[PDB]
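[1] Below: the sequence, then the experimentally determined structure.
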Amino acid sequence: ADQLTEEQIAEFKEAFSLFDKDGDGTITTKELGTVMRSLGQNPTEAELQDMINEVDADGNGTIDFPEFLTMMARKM
């Protein structure tokens with residue numbers, strides 16, 4: 001039952017907030033890999049591009065916290 005726990009959600013939020021420079025609660029696709037590296041993951045470039053093409057299906061090159069949480073849950 002991969003249910004993200006409250007502590008796992010908090011650690012993800014602190015890491016997500018570090019790349020939110022304007023306090024808008026969102027991060028760009030180019031900073032996703034760095035957030036992942038700060039979270040303890042080592043993704044390849046092709047895996048990063050695929051994660052980018054899925055979250056930006058409409059084409060706005062930006063990721064909000066809930067979309068980031070859903071990508072995390074699918075990877076767990």
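    Noted; the coordinates are in hand. Numbers count the residues shown, from 1 in each chain.

[2] Grab the most central residue of the chain for me.
    The centre of the chain sits closest to residue 68, judged by CA atoms, centre = their mean, with a distance of 3.7 Å.

[3] which SSE is that residue in?
    helix 65-75 (DSSP states H and E).

[4] What's the end-to-end length of stretch 14-33?
    15 Å (CA to CA, to the nearest Å).

[5] how distant is it from the center of its chain?
    Its chain's average C-alpha position is 8 Å from that of stretch 14-33, according to CA atoms, centre = their mean, to the nearest Å.

[6] Please identify the buried residues of that stretch?
    For stretch 14-33, the buried set under the neighbour-count rule, 16 or more other CB atoms under 10 Å, comprises 15, 16, 19, 20, 26, 27, 29, 31, 32, 33. Yep, even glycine has a C-beta here, placed from its N, CA and C like the rest.

[7] ok, the third one - contacts?
    Meaning residue 19. Residue 19 is in contact with 27, 28, 31, 34, 35, counting by CB atoms under 8 Å, 6 or more residues apart in numbering.
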